[PDB]
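Note sheet for the following structure.
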Protein chains: 2
Amino acid sequence: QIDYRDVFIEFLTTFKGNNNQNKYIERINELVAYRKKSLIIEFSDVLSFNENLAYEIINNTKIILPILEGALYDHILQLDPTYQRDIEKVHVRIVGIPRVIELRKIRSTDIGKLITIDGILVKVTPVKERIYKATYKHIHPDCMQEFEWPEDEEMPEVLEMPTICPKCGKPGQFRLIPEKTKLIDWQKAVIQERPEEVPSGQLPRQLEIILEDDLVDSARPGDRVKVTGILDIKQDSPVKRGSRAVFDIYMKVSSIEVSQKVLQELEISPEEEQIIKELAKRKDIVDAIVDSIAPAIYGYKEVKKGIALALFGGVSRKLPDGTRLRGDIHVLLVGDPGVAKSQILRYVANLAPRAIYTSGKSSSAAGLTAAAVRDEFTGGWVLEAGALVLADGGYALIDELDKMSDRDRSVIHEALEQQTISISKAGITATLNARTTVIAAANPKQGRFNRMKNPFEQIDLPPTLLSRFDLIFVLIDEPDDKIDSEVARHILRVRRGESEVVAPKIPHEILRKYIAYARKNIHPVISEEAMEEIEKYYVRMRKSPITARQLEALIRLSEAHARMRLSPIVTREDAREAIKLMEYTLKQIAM
Amino acid sequence: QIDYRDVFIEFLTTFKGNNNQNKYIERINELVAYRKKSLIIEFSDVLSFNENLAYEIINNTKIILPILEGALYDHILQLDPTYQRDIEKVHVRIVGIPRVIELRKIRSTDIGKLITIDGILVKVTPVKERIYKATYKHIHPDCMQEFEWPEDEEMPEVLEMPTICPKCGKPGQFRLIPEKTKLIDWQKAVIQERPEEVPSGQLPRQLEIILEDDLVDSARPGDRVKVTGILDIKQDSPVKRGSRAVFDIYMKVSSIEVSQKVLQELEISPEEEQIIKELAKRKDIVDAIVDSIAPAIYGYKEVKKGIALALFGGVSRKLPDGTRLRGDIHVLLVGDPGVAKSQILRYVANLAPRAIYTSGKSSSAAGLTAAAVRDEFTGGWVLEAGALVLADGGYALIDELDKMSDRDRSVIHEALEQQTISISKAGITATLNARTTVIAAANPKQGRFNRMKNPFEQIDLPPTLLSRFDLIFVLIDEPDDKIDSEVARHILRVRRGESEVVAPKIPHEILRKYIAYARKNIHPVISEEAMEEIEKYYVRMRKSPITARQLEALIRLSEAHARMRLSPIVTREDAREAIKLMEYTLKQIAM
Ligand SMILES: Nc1ncnc2c1ncn2[C@@H]1O[C@H](COP(=O)(O)OP(=O)(O)O)[C@@H](O)[C@H]1O
Ligand SMILES: Nc1ncnc2c1ncn2[C@@H]1O[C@H](COP(=O)(O)OP(=O)(O)O)[C@@H](O)[C@H]1O
Ligand SMILES: [Cl-]
Ligand SMILES: [Cl-]
Ligand SMILES: [Cl-]
Ligand SMILES: [Cl-]
Ligand SMILES: [Cl-]
Ligand SMILES: [Cl-]
Ligand SMILES: [Mg+2]
Ligand SMILES: [Mg+2]
Ligand SMILES: [Zn+2]
Ligand SMILES: [Zn+2]
């Protein structure tokens with residue numbers, strides 16, 4: 001950490017304008033005299049005064065700005081303590097700040113200007129050296145003198161020689177002198193689009209960037225970075241023809257920092273915020289939701305409640321004392337073929353605000369996780385995001401998880417538990433966030449597993465994976481004349497076109513907004529009561545087989561129930577509900 | 001959306017002819033004075049007045065045309081309200097719209113003209129920049145000046161710098177000045193023939209196309225597109241003779257849009273249409289059709305009825321509430337060695353208007369589905385279409401399905417259920433329509449399975465696949481003296497050269513025409529009576545096994561039957577007949 005508060009104040013009080021006037025001393029004065037609450041700062045001014053500050057404003061905008069406003073405020077109360085009786089705070093507005101362009105939208109209108117790109121590094125060359133001023137010796141018996149070539153002019157990226165010795169005037173052989181030539185650190189790197197911004201199966205576009213001097217080695221392959229610089233056009237075969245008058249685009253980096261991915265939340269309407277605030281009050285809230293989850297289905301009151309809790313999720317707090325505590329809850333539905341599994345998933349996607357519906361079988365290399373791929377056209381490797389990476393921060397409804405890739409099975413455990421996926425290929429080592437909630441459907445290898453034989457050996461999924469699902473609903477279909485009829489009826493109605501009173505009790509769009517608010521602003525805290533009940537339940541159920549991992553889920557489900565409750569506090573009623581669901585699942589395994 | 005209605009009217013009221021006259025104001029006036037019902041518009045005129053409209057007419061002809069006609073009509077009733085007592089509608093005719101050429105038929109007579117090709121994108125280069133107008137500096141101590149090069153002339157594709165400085169007149173070294181040079185976005189892409197238009201196992205031809213400025217990135221690899229532009233010739237190695245004076249052909253794009261595949265229907269002569277209604281009123285129509293399916297075989301009344309319903313298909317309806325509903329019905333014939341399966345398929349192929357008879361094993365990489373293949377001569381990948389993709393919108397009579405590729409088993413579930421096949425290879429990700437009805441034959445792993453052993457395990461196809469066939473006819477051949485005798489006769493007869501007595505009971509040609517009509521115009525609506533019968537049956541058959549999948553099939557078969565009725569309303573008779581067959585197939589399992 002460094003103090004940008006003094007450079008900022010120093011910049012305001014000493015920067016010089018077109019007429020050697022203190023541009024900002026005067027602007028701060030008017031602001032005072034007219035009781036204004038914003039100071040308009042030009043980016044180029046700061047950039048020219050102190051590059052470090054300029055870039056801190058670009059790379060750490062959200063943290064640095066509030067500090068600068070505070071420093072400006074204190075500075076103002078110093079000029080006039082009275083300002084405070086009229087204004088509580090000041091706003092600094094930086095105009096002229098480099099546009100943020102998505103890598104794949106770079107056009108000719110951007111060449112020559114200062115912009116900023118977001119991406120991931122996939123290649124770095126070793127540090128080399130560039131000549132920005134040479135010294136040649138005119139090997140000639142009458143001459144043999146030396147001189148700095150590009151006179152009053154930096155050498156070109158292409159290397160140019162002196163046709164006519166400027167010391168002797170006569171041509172000849174020029175033998176570059178290294179000892180007296182000046183050098184600058186150079187490094188070529190390649191950055192690709194952020195995996196999340198690329199359509200499944202598609203190759204992520206790439207861009208060449210040049211780091212020089214102090215920027216050399218600011219990052220390593222596999223790093224997510226924010227690069228700011230000027231784009232220009234180049235050619236591998238310079239100043240000559242070749243195939244045309246077509247040029248490649250590359251950036252001359254000015255600043256580069258490793259960054260963190262920023263999920264973009266959904267717009268909250270204070271109108272909606274209260275609307276939701278209203279439903280929360282409602283008493284049959286918990287049940288409407290479950291009943292709104294997937295109407296085009298008869299019953300499954302419990303199964304629907306599972307999905308419901310999954311959508312809201314648990315605490316999800318990662319802290320020092322005990323590192324990461326995952327709040328996302330995963331739900332798996334194993335069942336007899338034709339029991340609506342593959343169906344129910346698809347239905348939730350239609351409710352999906354931030355989801356991805358996909359199956360255990362993929363046609364893309366990434367699949368359900370991620371992977372490094374080779375790009376024939378560029379010859380370099382790149383990272384492609386599978387479903388869990390694309391679904392980060394959201395939901396990933398996985399169907400036929402039974403038929404999942406070999407590559408997927410390997411890294412699958414990491415994504416569900418660690419909530420990340422690490423990739424190592426070529427010189428690339430990157431860790432992508434897979435903070436996503438999972439709801440998958442699975443079938444037993446041969447078909448109905450209803451046979452007294454255990455349910456889990458019948459499914460093509462290692463018991464290691466199973467232990468990772470907070471709730472697993474073993475499903476079987478036994479005909480109960482009435483129920484079959486019920487299902488039939490339901491199906492016949494759905495098949496017959498429109499006119500179907502199969503609408504969610506609660507409103508979908510309004511529910512989406514419901515959940516989001518629910519995951520962003522509400523963070524349930526464990527209750528004393530819950531703690532007691534669950535604890536007793538745990539010993540009880542174990543006295544019955546169970547694992548501490550189940551306990552892990554228990555707490556998560558409780559938190560979830562409470563999040564729909566938005567208390568935000570857990571309550572015995574909560575826990576109870578949580579354990580209730582959990583037991584129903586266990587008696588289910590008994591088939 | 002944009003409204004082309006005002007631009008259109010604007011074009012009519014303001015366009016200017018060769019003699020500054022309002023060309024169209026006068027054409028509209030004569031149309032009025034002479035009570036004409038068609039306005040002739042020249043494509044070139046529209047194109048020169050407003051490119052967006054010109055291309056909307058080219059890319060969205062079917063939708064845009066009626067709108068323009070409507071707008072012209074109103075413009076007309078405005079000039080003369082009376083025009084309406086003599087004419088109801090006006091037609092706009094666009095003379096001069098670019099011709100639509102099949103990629104493989106491009107010839108020298110097309111170079112230089114505006115045409116339109118239909119294809120699928122397979123490669124896209126990253127966005128580059130092209131100099132259309134440069135700025136050059138004369139590196140020379142006496143000159144050192146600047147100047148835009150191609151004077152009054154755009155820089156050519158190839159880079160050409162002045163031999164003699166136009167400022168000083170004296171030759172020397174020239175240094176490009178990027179900052180003062182003007183750039184235009186550039187992109188090279190490769191388009192291939194529509195998979196459907198390419199013979200099995202054959203490589204689809206390709207074409208280089210150049211996108212510039214705002215056409216850059218109008219699509220991605222894997223996309224079906226409609227490109228409009230001018231073809232020209234190029235040499236990868238400019239101005240120098242390579243191997244000969246032969247040139248490649250590429251297109252300079254003017255317009256490119258992602259398109260949808262357009263199946264072309266059969267032409268119903270209103271005579272055939274009336275004939276059709278007469279046939280429909282007929283008494284033994286259902287049985288007529290079955291007897292006409294394949295007389296060259298005796299019996300198999302139910303099998304012939306199955307095939308029959310498969311051709312007419314179910315409702316097939318894609319809508320939001322329950323997204324995609326599949327109407328195509330799939331039939332599978334499992335049997336003993338020598339029970340006539342292979343023969344029957346091929347016989348139904350003879351009646352095939354929109355079908356592809358083909359075996360389970362293929363010698364082509366595509367096979368039954370599709371696949372990305374590599375082309376050695378061009379070095380790029382391409383998409384090839386298998387039987388289900390070529391048969392889209394039609395039928396695919398598969399024989400010996402038992403013997404199918406590894407790649408096939410993988411993606412076939414998609415084809416039968418989703419009626420699509422997705423492919424991901426290199427930077428290509430495409431989804432090809434596979435809306436095709438399947439009728440296959442299959443043999444048991446080794447032989448006769450009469451054994452008490454369950455039929456399906458003996459045929460090499462995962463139960464997952466079988467569950468996708470609405471009707472499966474397990475066949476077995478027992479002697480029963482007389483019947484064998486019947487077959488002998490048939491075969492012996494079939495050996496006579498001309499016209500063995502039995503043949504289509506109903507006119508084949510007329511039948512094809514029949515089905516097509518049925519499928520296009522008929523859309524049977526489920527019926528109350530049907531609803532209850534089927535429901536009561538669902539519960540009944542489940543009382544002794546059965547699945548909801550059986551339900552969605554039952555409903556489709558009903559619709560099909562009613563479709564041959566052409567009501568279009570299902571009836572109690574429907575379901576009844578539908579379930580009748582369904583039962584027969586089930587009793588058949590017991591072997
Ligand atoms: N309770 C139910 N509510 C609505 N539809 C049901 C229900 N039970 C079964 N179905 C039917 O089951 C069908 C889906 O079966 P499916 O989920 O594809 O089996 P699987 O999961 O093994 O692939 C749907 O078309 C639906 O009509
Ligand atoms: N009902 C039938 N009508 C006409 N021909 C039949 C009939 N049943 C059997 N055949 C004879 O069976 C032969 C075809 O046997 P085939 O279908 O090739 O056995 P598979 O299906 O195992 O390959 C034909 O040449 C045909 O003469
Ligand atoms: Cl921006
Ligand atoms: Cl800008
Ligand atoms: Cl990330
Ligand atoms: Cl045409
Ligand atoms: Cl022409
Ligand atoms: Cl298609
Ligand atoms: Mg399924
Ligand atoms: Mg055969
Ligand atoms: Zn010299
Ligand atoms: Zn000159």
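How things are named: the first chain in the structure tokens is A, the next is B, and so on; residues count from 1 in each chain; ligands count from 1 in the order shown.
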Exercise for review: From stretch 27-260 of chain B, collect each residue whose DSSP state is alpha helix (DSSP H) and return the set as a PyMOL selection string.
Suggested key: chain B and resi 27-33+43-49+51-59+61-79+83-86
Review point. So which residues of stretch 197-342 of chain B fall under strand (DSSP E or B) by DSSP, listed as a PyMOL selection string?
Key: chain B and resi 206-212+224-234+248-258+318+324+331-334
Would you mind listing, for every residue of chain B within 7 Å of chain A, the two atoms forming the shortest contact and the distance between them in Å to one decimal, using only C-alpha atoms, sorted by chain and ascending residue number, as a Markdown table?
| residue | atom | partner | partner_atom | distance |
| --- | --- | --- | --- | --- |
| B:126 | CA | A:205 | CA | 6.8 |
| B:128 | CA | A:248 | CA | 5.2 |
| B:129 | CA | A:247 | CA | 5.1 |
| B:130 | CA | A:246 | CA | 4.3 |
| B:131 | CA | A:245 | CA | 5.8 |
| B:157 | CA | A:244 | CA | 5.3 |
| B:158 | CA | A:244 | CA | 4.3 |
| B:159 | CA | A:245 | CA | 5.1 |
| B:183 | CA | A:108 | CA | 6.1 |
| B:184 | CA | A:108 | CA | 6.1 |
| B:185 | CA | A:108 | CA | 5.8 |
| B:236 | CA | A:243 | CA | 6.1 |
| B:237 | CA | A:243 | CA | 6.2 |
| B:238 | CA | A:243 | CA | 6.6 |
| B:423 | CA | A:363 | CA | 6.3 |
| B:424 | CA | A:363 | CA | 5.5 |
| B:427 | CA | A:202 | CA | 5.3 |
| B:428 | CA | A:202 | CA | 6.6 |
| B:429 | CA | A:201 | CA | 6.0 |
| B:526 | CA | A:496 | CA | 6.6 |
| B:531 | CA | A:492 | CA | 6.9 |
| B:535 | CA | A:488 | CA | 5.9 |
| B:539 | CA | A:484 | CA | 5.8 |
| B:542 | CA | A:479 | CA | 6.5 |
| B:543 | CA | A:479 | CA | 6.8 |
| B:547 | CA | A:338 | CA | 5.8 |
| B:548 | CA | A:338 | CA | 5.8 |
| B:549 | CA | A:338 | CA | 6.1 |
Output of the above residues as a compact mmCIF listing (two decimals), in the first residue's frame, restricted to N, CA and C atoms:
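Saved the output as part_26.txt:
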# COMPACT_ATOMS: atom_id res chain seq x y z
N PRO B 126 -9.49 -13.45 -37.25
CA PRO B 126 -9.76 -12.35 -36.32
C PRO B 126 -9.85 -11.04 -37.10
N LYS B 128 -8.93 -7.77 -38.64
CA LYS B 128 -7.67 -7.10 -38.96
C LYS B 128 -7.97 -5.69 -39.49
N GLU B 129 -6.96 -4.99 -40.00
CA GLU B 129 -7.17 -3.64 -40.53
C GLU B 129 -6.53 -3.50 -41.89
N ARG B 130 -7.24 -2.87 -42.82
CA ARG B 130 -6.69 -2.68 -44.15
C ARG B 130 -6.56 -1.21 -44.50
N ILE B 131 -5.43 -0.87 -45.08
CA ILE B 131 -5.17 0.50 -45.49
C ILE B 131 -5.86 0.73 -46.84
N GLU B 157 -5.42 -3.78 -53.19
CA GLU B 157 -5.28 -4.84 -52.20
C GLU B 157 -3.79 -5.02 -51.90
N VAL B 158 -2.97 -5.04 -52.95
CA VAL B 158 -1.53 -5.19 -52.75
C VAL B 158 -0.96 -3.84 -52.30
N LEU B 159 0.17 -3.87 -51.61
CA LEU B 159 0.77 -2.63 -51.14
C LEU B 159 1.72 -2.16 -52.23
N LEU B 183 -7.65 3.48 -42.05
CA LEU B 183 -7.89 2.05 -41.98
C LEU B 183 -9.36 1.61 -42.09
N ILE B 184 -9.57 0.37 -42.52
CA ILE B 184 -10.91 -0.20 -42.63
C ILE B 184 -10.85 -1.62 -42.12
N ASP B 185 -11.78 -1.98 -41.25
CA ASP B 185 -11.80 -3.31 -40.68
C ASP B 185 -11.89 -4.35 -41.78
N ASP B 236 -2.92 -15.84 -54.03
CA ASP B 236 -2.38 -15.63 -52.70
C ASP B 236 -1.04 -14.91 -52.83
N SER B 237 -0.30 -15.23 -53.90
CA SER B 237 0.98 -14.59 -54.19
C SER B 237 0.72 -13.61 -55.34
N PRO B 238 0.44 -12.34 -55.01
CA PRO B 238 0.15 -11.28 -55.98
C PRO B 238 1.21 -11.00 -57.06
N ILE B 423 -22.64 -30.35 -33.56
CA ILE B 423 -21.26 -30.69 -33.82
C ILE B 423 -20.30 -29.60 -33.38
N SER B 424 -19.25 -30.00 -32.66
CA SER B 424 -18.23 -29.08 -32.15
C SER B 424 -16.85 -29.60 -32.50
N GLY B 427 -13.00 -24.52 -34.55
CA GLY B 427 -13.79 -23.42 -34.01
C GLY B 427 -15.24 -23.51 -34.45
N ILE B 428 -15.63 -24.67 -34.95
CA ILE B 428 -16.97 -24.89 -35.45
C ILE B 428 -17.95 -25.53 -34.49
N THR B 429 -19.09 -24.87 -34.32
CA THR B 429 -20.15 -25.37 -33.49
C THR B 429 -21.42 -25.08 -34.28
N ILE B 526 -56.54 -32.99 -30.35
CA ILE B 526 -56.96 -34.05 -29.44
C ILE B 526 -58.47 -33.90 -29.19
N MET B 531 -59.28 -38.49 -25.16
CA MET B 531 -58.69 -38.22 -23.86
C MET B 531 -59.02 -39.23 -22.77
N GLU B 535 -56.62 -42.39 -21.27
CA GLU B 535 -56.34 -42.28 -19.85
C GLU B 535 -56.66 -43.59 -19.16
N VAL B 539 -53.82 -46.33 -17.22
CA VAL B 539 -53.90 -46.95 -15.90
C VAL B 539 -54.03 -48.47 -16.02
N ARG B 542 -50.85 -50.36 -17.04
CA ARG B 542 -49.83 -50.19 -16.02
C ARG B 542 -50.11 -51.09 -14.83
N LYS B 543 -51.32 -51.64 -14.78
CA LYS B 543 -51.71 -52.50 -13.66
C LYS B 543 -51.01 -53.86 -13.62
N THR B 547 -44.51 -47.07 -19.09
CA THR B 547 -43.97 -45.76 -18.72
C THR B 547 -44.70 -44.59 -19.36
N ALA B 548 -44.52 -43.41 -18.77
CA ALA B 548 -45.14 -42.19 -19.28
C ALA B 548 -44.72 -41.99 -20.73
N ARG B 549 -43.55 -42.52 -21.08
CA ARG B 549 -43.06 -42.40 -22.44
C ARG B 549 -44.05 -43.10 -23.34
As a tab-separated table (two decimals) with N, CA, C and O atoms, in the first residue's frame, please: the residues near residue B:31 (cut-off 12 Å, only C-alpha atoms, same-chain neighbours under 2 positions excluded).
chain	number	residue	atom	x	y	z
B	24	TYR	N	-40.67	7.01	-59.79
B	24	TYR	CA	-41.80	6.28	-59.24
B	24	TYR	C	-43.10	7.04	-59.02
B	24	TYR	O	-44.17	6.43	-59.01
B	25	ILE	N	-43.03	8.36	-58.88
B	25	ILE	CA	-44.24	9.13	-58.74
B	25	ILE	C	-45.01	8.93	-60.04
B	25	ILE	O	-46.22	8.73	-60.04
B	26	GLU	N	-44.28	8.96	-61.16
B	26	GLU	CA	-44.91	8.79	-62.46
B	26	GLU	C	-45.37	7.34	-62.70
B	26	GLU	O	-46.43	7.12	-63.30
B	27	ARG	N	-44.61	6.35	-62.24
B	27	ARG	CA	-45.02	4.97	-62.43
B	27	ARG	C	-46.26	4.69	-61.63
B	27	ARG	O	-47.13	3.95	-62.06
B	28	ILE	N	-46.35	5.27	-60.44
B	28	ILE	CA	-47.53	5.07	-59.63
B	28	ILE	C	-48.75	5.75	-60.29
B	28	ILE	O	-49.85	5.20	-60.29
B	29	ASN	N	-48.54	6.93	-60.88
B	29	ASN	CA	-49.62	7.67	-61.53
B	29	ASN	C	-50.24	6.93	-62.69
B	29	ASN	O	-51.46	6.92	-62.82
B	33	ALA	N	-54.02	5.71	-63.34
B	33	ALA	CA	-54.77	6.11	-64.51
B	33	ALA	C	-55.19	4.93	-65.38
B	33	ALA	O	-56.24	4.98	-66.05
B	34	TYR	N	-54.38	3.88	-65.38
B	34	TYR	CA	-54.67	2.71	-66.19
B	34	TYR	C	-55.11	1.54	-65.34
B	34	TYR	O	-55.15	0.39	-65.80
B	35	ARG	N	-55.43	1.82	-64.09
B	35	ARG	CA	-55.88	0.75	-63.21
B	35	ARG	C	-55.02	-0.52	-63.24
B	35	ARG	O	-55.55	-1.60	-63.41
B	36	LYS	N	-53.71	-0.36	-63.09
B	36	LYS	CA	-52.77	-1.50	-63.06
B	36	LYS	C	-52.69	-2.05	-61.64
B	36	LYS	O	-52.95	-1.33	-60.67
B	37	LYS	N	-52.35	-3.33	-61.49
B	37	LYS	CA	-52.29	-3.91	-60.15
B	37	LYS	C	-50.91	-4.43	-59.76
B	37	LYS	O	-50.77	-5.25	-58.86
B	38	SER	N	-49.89	-3.91	-60.42
B	38	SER	CA	-48.53	-4.33	-60.16
B	38	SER	C	-47.59	-3.18	-60.42
B	38	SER	O	-47.61	-2.58	-61.48
B	39	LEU	N	-46.75	-2.88	-59.45
B	39	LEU	CA	-45.79	-1.83	-59.64
B	39	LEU	C	-44.44	-2.54	-59.83
B	39	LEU	O	-44.09	-3.44	-59.06
B	40	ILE	N	-43.73	-2.15	-60.88
B	40	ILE	CA	-42.42	-2.73	-61.18
B	40	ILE	C	-41.35	-1.84	-60.57
B	40	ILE	O	-41.27	-0.66	-60.89
B	72	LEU	N	-47.96	0.42	-50.26
B	72	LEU	CA	-48.17	1.03	-51.55
B	72	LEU	C	-49.67	1.23	-51.73
B	72	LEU	O	-50.11	2.28	-52.20
B	73	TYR	N	-50.44	0.22	-51.35
B	73	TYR	CA	-51.89	0.27	-51.47
B	73	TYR	C	-52.41	1.52	-50.78
B	73	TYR	O	-53.10	2.34	-51.39
B	76	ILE	N	-51.71	4.54	-52.48
B	76	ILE	CA	-52.58	4.67	-53.63
B	76	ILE	C	-53.98	5.15	-53.26
B	76	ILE	O	-54.47	6.10	-53.85
B	79	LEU	N	-54.08	8.70	-53.07
B	79	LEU	CA	-54.08	9.49	-54.28
B	79	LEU	C	-55.46	9.43	-54.92
B	79	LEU	O	-55.95	10.44	-55.41
B	80	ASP	N	-56.06	8.25	-54.93
B	80	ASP	CA	-57.39	8.03	-55.51
B	80	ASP	C	-58.16	6.97	-54.72
B	80	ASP	O	-58.01	5.78	-54.96
B	83	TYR	N	-59.71	4.13	-56.65
B	83	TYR	CA	-58.94	2.98	-57.12
B	83	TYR	C	-59.41	1.71	-56.44
B	83	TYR	O	-59.34	0.62	-57.02
B	87	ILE	N	-59.85	-2.34	-57.67
B	87	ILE	CA	-58.74	-3.20	-57.26
B	87	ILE	C	-58.57	-3.39	-55.75
B	87	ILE	O	-58.52	-2.44	-54.98
B	90	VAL	N	-52.38	-4.70	-54.55
B	90	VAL	CA	-51.35	-4.26	-55.47
B	90	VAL	C	-50.20	-5.21	-55.25
B	90	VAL	O	-50.03	-5.72	-54.15
B	91	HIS	N	-49.42	-5.47	-56.30
B	91	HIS	CA	-48.25	-6.33	-56.18
B	91	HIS	C	-47.04	-5.51	-56.54
B	91	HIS	O	-47.08	-4.72	-57.48
B	92	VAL	N	-45.96	-5.66	-55.78
B	92	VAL	CA	-44.74	-4.96	-56.12
B	92	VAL	C	-43.84	-6.04	-56.70
B	92	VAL	O	-43.74	-7.12	-56.15
Revision key, fill the gap. Separating atom CA of residue A:288 from atom CA of residue A:589, to the nearest tenth of an Å, is a gap of 27.2 Å
Residues of chain A that approach ligand 9 to 7 Å or less, counting only C-alpha atoms and all ligand atoms: could you list each one with the shortest pair of atoms and its distance in Å to one decimal, rows by chain and increasing residue number, as a Markdown table?
| residue | atom | partner | partner_atom_place_in_ligand_line | distance |
| --- | --- | --- | --- | --- |
| A:341 | CA | ligand 9 | 1 (Mg) | 6.4 |
| A:342 | CA | ligand 9 | 1 (Mg) | 4.3 |
| A:399 | CA | ligand 9 | 1 (Mg) | 7.0 |
| A:400 | CA | ligand 9 | 1 (Mg) | 6.1 |
Can you tell me, as a short mmCIF file (atom, residue, chain, number, x, y, z; two decimals) with N, CA and C atoms, in the first residue's frame, what residues are no more than 9 Å from stretch 139-147 of chain A when counting only C-alpha atoms, ignoring any on the same chain fewer than 6 positions away?
data_model
loop_
_atom_site.label_atom_id
_atom_site.label_comp_id
_atom_site.auth_asym_id
_atom_site.auth_seq_id
_atom_site.Cartn_x
_atom_site.Cartn_y
_atom_site.Cartn_z
N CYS A 165 26.96 7.44 -44.66
CA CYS A 165 27.64 7.72 -43.39
C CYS A 165 27.48 9.19 -43.08
N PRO A 166 26.80 9.53 -41.97
CA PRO A 166 26.62 10.95 -41.64
C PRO A 166 27.91 11.61 -41.13
N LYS A 167 28.93 10.79 -40.84
CA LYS A 167 30.20 11.33 -40.38
C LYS A 167 31.15 11.59 -41.56
N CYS A 168 31.13 10.69 -42.54
CA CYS A 168 31.99 10.82 -43.71
C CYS A 168 31.20 11.19 -44.98
N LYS A 170 30.10 9.27 -47.09
CA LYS A 170 30.24 8.14 -48.02
C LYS A 170 29.61 6.81 -47.52
N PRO A 171 29.01 6.02 -48.45
CA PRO A 171 28.37 4.75 -48.06
C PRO A 171 29.37 3.67 -47.65
N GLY A 172 28.85 2.47 -47.38
CA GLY A 172 29.71 1.36 -46.98
C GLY A 172 29.06 0.38 -46.00
N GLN A 173 29.92 -0.35 -45.28
CA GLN A 173 29.49 -1.34 -44.30
C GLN A 173 29.33 -0.80 -42.87
N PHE A 174 28.14 -0.96 -42.30
CA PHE A 174 27.85 -0.50 -40.93
C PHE A 174 27.73 -1.67 -39.93
N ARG A 175 28.60 -1.69 -38.93
CA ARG A 175 28.67 -2.75 -37.91
C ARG A 175 28.16 -2.27 -36.54
N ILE A 177 27.15 -1.11 -33.00
CA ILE A 177 27.90 -1.24 -31.75
C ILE A 177 26.95 -1.40 -30.58
#
